[PDB]
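Worksheet: one structure, shown below.
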Amino acid sequence: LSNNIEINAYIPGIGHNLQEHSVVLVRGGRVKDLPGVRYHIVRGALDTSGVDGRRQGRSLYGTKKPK
Amino acid sequence: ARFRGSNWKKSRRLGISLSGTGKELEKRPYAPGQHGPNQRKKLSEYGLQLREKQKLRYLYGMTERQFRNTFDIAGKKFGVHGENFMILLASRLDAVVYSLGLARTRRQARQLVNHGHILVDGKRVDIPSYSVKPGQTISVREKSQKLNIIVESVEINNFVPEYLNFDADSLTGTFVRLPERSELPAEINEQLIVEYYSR
Amino acid sequence: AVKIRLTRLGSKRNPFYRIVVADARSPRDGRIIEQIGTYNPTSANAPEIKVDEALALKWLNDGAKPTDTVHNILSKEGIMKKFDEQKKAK
Amino acid sequence: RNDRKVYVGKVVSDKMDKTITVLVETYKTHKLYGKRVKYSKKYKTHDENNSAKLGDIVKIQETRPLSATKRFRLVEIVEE
RNA sequence: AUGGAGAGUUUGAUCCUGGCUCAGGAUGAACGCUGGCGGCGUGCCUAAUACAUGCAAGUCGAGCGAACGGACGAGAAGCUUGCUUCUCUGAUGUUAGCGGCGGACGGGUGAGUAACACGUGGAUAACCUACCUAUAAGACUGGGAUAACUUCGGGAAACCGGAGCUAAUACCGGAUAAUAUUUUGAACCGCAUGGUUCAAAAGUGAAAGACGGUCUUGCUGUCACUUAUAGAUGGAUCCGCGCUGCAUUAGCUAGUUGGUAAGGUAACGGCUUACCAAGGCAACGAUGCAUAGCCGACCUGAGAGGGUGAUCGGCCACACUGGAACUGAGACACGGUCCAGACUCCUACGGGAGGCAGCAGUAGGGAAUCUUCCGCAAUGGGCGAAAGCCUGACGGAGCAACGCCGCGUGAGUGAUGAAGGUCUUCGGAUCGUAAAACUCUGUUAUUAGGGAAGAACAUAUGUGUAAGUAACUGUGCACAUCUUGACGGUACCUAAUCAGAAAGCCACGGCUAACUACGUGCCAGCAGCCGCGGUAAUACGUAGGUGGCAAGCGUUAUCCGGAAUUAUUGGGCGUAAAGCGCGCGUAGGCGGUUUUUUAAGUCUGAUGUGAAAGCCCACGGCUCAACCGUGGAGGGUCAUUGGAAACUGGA
Ligand SMILES: [Mg+2]
Ligand SMILES: [Mg+2]
Ligand SMILES: [Mg+2]
Ligand SMILES: [Mg+2]
Ligand SMILES: [Mg+2]
Ligand SMILES: [Mg+2]
Ligand SMILES: [Mg+2]
Ligand SMILES: [Mg+2]
Ligand SMILES: [Mg+2]
Ligand SMILES: [Mg+2]
């Protein structure tokens with residue numbers, strides 16, 4: 001992170017474009033299944049792309065209106 | 001208006017005729033949509049409270065924010081909260097115009113006020129949310145005295161509540177006094193609405 | 001020095017003023033010594049003026065000096081004549 | 001004439017010259033619980049003649065700063 | 001009486017204990033999706049990081065010398081009587097400089113500060129105060145200079161040096177003048193020190209002119225000047241009380257604590273310095289460490305409480321970092337100076353220049369926060385006699401759903417329940433009065449006309465009046481007249497045309513309002529918790545339908561609530577977490593009965609104060625509301641003073 005703390009962030013949605021050296025926005029929220037992951041990646045912010053073909057709850061996954 | 005959706009579907013869901021005639025409930029007195037015809041499970045206590053609140057809200061065609069603000073100001077007054085809320089809802093220029101009978105529908109009455117056809121104390125008031133107080137005279141704009149909608153609505157001799165006093169010849173009403181719970185719609189259980197806003 | 005002046009209130013394009021006794025170095029809408037009245041320029045096509053003669057005269061005696069609009073107000077309310085009359089009579 | 005504050009306390013130190021330390025006891029109610037709790041403050045007082053002695057009840061009045069820490073003077077000796 | 005909801009989850013099942021989680025409200029929010037408008041607000045929280053450029057502090061010719069400009073209009077005819085020069089007068093004007101005042105305000109920021117910083121209540125018989133007001137007494141008599149200017153010289157520059165000349169409301173001497181200073185008489189008074197008032201001497205301390213009026217070998221108006229004493233204003237110091245975490249921080253202090261004397265300060269004072277003594281502080285938390293501007297308020301809560309300190313107002317602190325003084329009534333001074341440091345820039349290398357935590361704006365940092373705008377028309381401030389000038393204060397405009405409030409995206413009729421999508425028991429059911437059709441409307445939109453308030457004025461111009469004068473001009477006051485608007489042709493209003501351009505977002509197993517189909521198959525995924533998904537998933541993804549909201553809807557972060565889970569209100573300690581292994585005891589807390597008394601606690605009044613804004617209540621103004629205004633009400637553990645005396649305390 002910008003504060004220089006290293007963290008594990010969950011990538012939500014089906015499919016992702018992220019690679020090493022990608023720049024991402026991280027929000028709060030832990031994944032209960034995953035022990036070390038206490039944060040989520042924000043979809044459709046900075047480098048992270050929106051989930052492709054998401055047509056319900058698009059705002060959560062960074063997808064624009066399909067029309 | 002603001003909500004412009006199916007008034008029938010909203011009536012059928014809430015089990016009350018929003019038009020006040022029962023035309024919506026005559027053929028299909030059950031909730032809209034796929035599962036409407038099938039049996040409806042019993043409502044929870046929250047479900048009943050919400051239903052009653054929605055009934056009153058959609059009856060007066062108000063948005064939730066404004067409905068809740070009106071509920072608050074009503075609560076700040078003296079007496080029974082639920083009754084005060086209902087009389088305050090009835091005192092809206094919207095409701096007053098409709099009840100005088102210048103329009104045949106509440107939405108129509110709202111459009112009449114919103115398009116600037118109505119006069120209050122001789123002056124143009126265009127806010128449907130305007131709170132009419134006792135002693136004020138509601139009139140039609142001099143240009144709009146011969147509107148087909150208004151004339152036809154007035155010709156249909158709609159019953160005018162006792163708290164109002166309408167003269168159809170002059171198309172002039174008077175808000176004589178505050179309504180009474182007796183005069184207000186009987187299908188609403190305001191206590192449930194108070195409870196709803198309690199939690 | 002000490003000044004009898006108008007402090008601005010109200011909203012944008014709706015001025016209301018309180019007639020106050022203030023030190024000149026004080027900010028317009030800041031520290032005051034006393035409020036003596038109010039003035040409303042935009043009210044009903046007639047300036048609505050409330051002023052306390054007892055307070056205004058006490059301050060005028062002690063060397064407080066009106067701004068031009070305030071002098072007009074104290075003239076309209078008759079305080080400026082009273083100040084002159086006493087002062088000449090003294 | 002405006003009146004300066006007067007306190008009554010017991011002399012707890014007479015070691016300094018022309019000075020006595022007087023402990024004034026007051027009660028501070030607890031903000032939440034409401035019980036009054038005993039509280040003491042030592043007041044440095046001017047005693048020109050070194051009249052007072054440890055253990056004597058004394059009356060002190062506020063003055064201008066007479067020293068770095070002394071703000072009170074001895075009005076009288078109430079008990080000895 | 002105006003105010004108080006619970007739910008899930010430990011088990012095979014149970015009751016209890018207990019934590020965890022959720023439903024609410026709030027924000028200077030950010031992010032995702034989406035997006036019509038208006039009103040009123042709000043908008044660098046992070047780098048007190050660095051800052052290109054313009055602007056943010058001037059003004060006064062009625063203080064002064066000087067210079068420019070030279071009207072009006074002076075002379076010769078070039079024979080050009082329209083053009084000409086210096087041999088003049090030279091008006092309205094203007095400016096570099098001197099001098100006065102301002103620049104200590106207004107504006108910014110919260111770094112530092114755990115402190116009498118701040119809040120609240122007191123004190124100063126320990127203070128200071130330009131301008132303003134009032135009163136009284138004065139403003140006399142002389143002098144020597146110096147900017148500008150001229151000339152010379154030295155510098156790359158910044159900018160210096162010499163000579164000559166010249167004014168002032170600039171500077172200086174003397175006179176006269178104190179309630180100031182010393183000394184000696186008293187008189188009265190308070191709260192130690194002391195206050196006050198009246199007499200007699202001694203030393204010592206001022207000042208100024210300018211512009212006008214007139215009856216002009218002298219009076220006078222306005223403004224300015226000096227001294228003394230008050231008022232007003234602002235500032236300073238002291239003190240009671242309140243105001244933060246940590247003891248896995250227990251000792252701390254030697255100008256330190258006090259005294260004496262002197263110096264110093266507006267002033268008291270270890271404020272400082274010598275001298276003398278050994279004090280002072282601390283478990284009622286000193287000292288240290290960490291963190292922090294404080295408050296009015298703000299958010300939440302039924303309340304008690306808990307959390308916080310944006311915008312606005314008050315107080316404090318700071319101005320590249322550190323130190324220091326100068327000028328001044330006031331500064332140890334944001335856009336002043338000097339020095340040191342870091343940084344940036346210029347240089348002829350000798351030496352110079354600079355400080356956005358003013359307004360915009362830029363770079364950087366950041367999840368994230370605006371235009372290098374218009375006007376001094378209003379309000380306020382500086383200067384001026386005034387017009388006026390200056391004013392990034394401020395009034396406006398711009399940008400951003402960032403918030404709050406208001407109004408839209410249509411309304412009536414409409415079975416003929418059309419088509420189509422979806423589901424299906426293949427009957428149908430649902431989307432759905434929804435649509436279409438028909439009729440109507442114009443908020444809004446568009447187009448075209450009209451068109452506010454905000455403006456008071458000041459000044460000038462008349463008239464009157466009051467004071468003063470010999471009178472006048474002026475001066476104060478009163479009443480008339482002209483003229484002044486950035487916004488802006490904006491708001492608003494009117495008419496014409498058109499449903500046309502104006503709905504999205506989340507959710508639907510339970511909590512929790514709203515279910516089906518299909519695809520998928522412990523995968524892909526979901527998830528606040530209980531969990532869900534391994535082939536007939538109301539939990540994934542999509543579709544239809546529904547629900548909740550709406551120009552928003554969701555997510556994340558953070559605070560209060562629910563949480564009686566730090567329990568005063570309002571919990572406990574046999575077995576659930578929790579009685580020290582047990583004595584002796586110190587401080588502290590608490591304590592039997594009666595009488596008398598006191599009145600600290602307690603109770604009951606009065607007085608002052610607790611700014612304004614806000615909250616609350618009422619009323620009034622904006623088409624309504626938000627918002628604005630006004631009046632109440634409330635808010636102290638407050639101070640002072642008068643009663644009551646049961647209880648607690650004291651005797
Ligand atoms: Mg800090
Ligand atoms: Mg509670
Ligand atoms: Mg400065
Ligand atoms: Mg600056
Ligand atoms: Mg809204
Ligand atoms: Mg989902
Ligand atoms: Mg609690
Ligand atoms: Mg146990
Ligand atoms: Mg035991
Ligand atoms: Mg107040």
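In the text below, chain A, chain B and the rest are named by the order of the sequence lines, each starting its count at 1.
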Any N or O donor-acceptor pair linking the side chain of B:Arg2 to the base of E:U409 at under 3.5 Å?
yes
Under the 3.5 Å rule, do the base of E:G412 and the side chain of B:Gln108 count as making a donor-acceptor pair?
no
Counting the atoms with a prime plus P, OP1 and OP2 as sugar-phosphate, which does C:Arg8 contact under 4.0 Å by heavy atoms, base, sugar-phosphate, or nothing?
sugar-phosphate
Does A:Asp33 contact E:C532 through a side-chain donor or acceptor facing the base, at a distance under 3.5 Å?
no
Touch check for B:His117, heavy atoms < 4.0 angstrom, all strands: base, sugar-phosphate only, or nothing?
sugar-phosphate
Say we look at E:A400 and E:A30: how far apart would their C1' atoms be, to the nearest angstrom?
14 Å
Just checking, is any N or O donor in the side chain of D:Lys44 or D:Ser67 under 3.5 Å from an acceptor N or O on the other one?
no
For D:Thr29, report the nucleic acid contact type (base, sugar-phosphate, nothing); a contact means any heavy atom under 4.0 Å.
nothing
Regarding B:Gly36, tell me which of base, sugar-phosphate or nothing describes its non-hydrogen contacts under 4.0 Å with the strands shown.
nothing
Does E:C526 have OP1 or OP2 under 4.0 Å away from a side-chain N or O of A:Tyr10?
yes
On the ring face of B:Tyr60, is B:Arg106 found with NZ or CZ under 6.0 Å from the centre and within 45° of the axis?
yes
Examine E:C505: is either OP1 or OP2 under 4.0 Å from a nitrogen or oxygen in the side chain of A:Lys65? Give yes or no.
yes
Give a yes or no on whether the neighbouring nucleotides E:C271 and E:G270 have stacked bases (ring centres less than 5.5 Å apart, plane angle less than 30°).
no
Enter syn or anti for the glycosidic conformation of E:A377, syn applying to angles within 90° of 0.
anti
Is there a side-chain polar atom (N or O) of A:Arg58 under 4.0 Å from OP1 or OP2 of E:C505?
yes
Same-atom distance (P) from E:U443 to E:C493, integer angstrom:
10 Å
Touch class at under 4.0 angstrom, heavy-atom based, for C:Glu85 against every strand present
nothing
At under 4.0 Å between heavy atoms, what does C:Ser75 touch on the DNA or RNA strands: base, sugar-phosphate, or nothing?
sugar-phosphate
If pairing means Watson-Crick or G-U wobble with both distances under 3.5 Å, then the partner of E:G270 is none
Using the aromatic ring of B:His115 (for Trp, its six-membered ring), decide whether it stacks on the base of E:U443 within the limits of 5.5 Å and 30°.
yes
Are the six-ring centres of E:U422 and E:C423 nearer than 5.5 Å, with the two ring planes set at an angle smaller than 30°?
yes
Is it the case that the base of E:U193 and the side chain of D:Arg64 share a donor-acceptor contact (distance under 3.5 Å, atom types as modelled)?
yes
Where the chi angle of E:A104 falls, syn if within 90° of 0 and anti if not:
syn
Mind checking C:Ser43 for me? I need base, sugar-phosphate or nothing, with any heavy atom below 4.0 Å counting as a touch.
nothing
Taking atom P in both E:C268 and E:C238, what distance in whole Å separates the two?
14 Å
Using the P atom in both, what is the distance from E:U555 to E:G531, to the nearest Å?
23 Å
If we require both distances under 3.5 Å, is E:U222 with E:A210 a Watson-Crick or G-U wobble pair?
yes
If the cut-off is 4.0 Å, is D:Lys70 near the phosphate of E:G259, judged by side-chain N/O to OP1 or OP2?
yes
Anti or syn - E:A514, cut at 90° from 0:
anti
Could you tell me whether B:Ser153 contacts a base, only the sugar-phosphate backbone, or nothing, with contacts defined as non-hydrogen atoms closer than 4.0 Å?
nothing
With syn defined as a glycosidic torsion within 90 degrees of 0 and anti otherwise, which applies to E:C88?
anti
Would E:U260 and E:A261 be classed as stacked, given the thresholds of under 5.5 Å between six-membered ring centres and under 30° between planes?
yes
Tell me whether the side-chain N or O atoms of B:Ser198 pair up with the base of E:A5 as donor and acceptor below 3.5 Å, since no angle test is needed here.
yes
With rounding to whole Å, what would you report as the distance between E:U483 and E:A168 at their P atoms?
48 Å
Planes under 30° and centres under 5.5 Å for E:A168 and E:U169
no
Using the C1' atoms only, state how far E:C532 lies from E:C508, rounded to an integer number of Å.
16 Å
Check every strand shown and say whether A:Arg27 touches a base, only sugar-phosphate, or nothing at a heavy-atom separation below 4.0 Å.
sugar-phosphate
Looking at E:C223 and its strand neighbour E:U222, are the six-membered base rings less than 5.5 Å apart at the centres with planes tilted under 30 degrees?
yes
Are the aromatic ring centres of B:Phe85 and B:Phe67 under 6.0 angstrom apart?
yes
Taking atom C1' in both E:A56 and E:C105, compute the distance separating them and give it to the nearest angstrom.
14 Å
Decide, yes or no, whether a salt bridge links B:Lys76 with B:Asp72 under the criterion of side-chain N to carboxylate O below 4.0 Å.
no
Would you indicate what B:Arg107 reaches in the nucleic acid, counting non-hydrogen atoms under 4.0 angstrom: base, sugar-phosphate, or nothing?
sugar-phosphate
Relative to its sugar, using the 90° cut-off around 0, the base of E:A125 is syn
Plane angle bin for B:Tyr197 and B:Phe71 - parallel if under 30°, tilted between 30 and 60°, otherwise perpendicular
tilted
Spatial distance of atom CG (B:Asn7) from atom NZ (B:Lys23) [nearest 0.5 Å]
13.5 Å
Counting the atoms with a prime plus P, OP1 and OP2 as sugar-phosphate, which does D:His30 contact under 4.0 Å by heavy atoms, base, sugar-phosphate, or nothing?
nothing
Can you find a donor-acceptor pair, distance only, under 3.5 Å between C:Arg13 side chain and E:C487 base?
yes
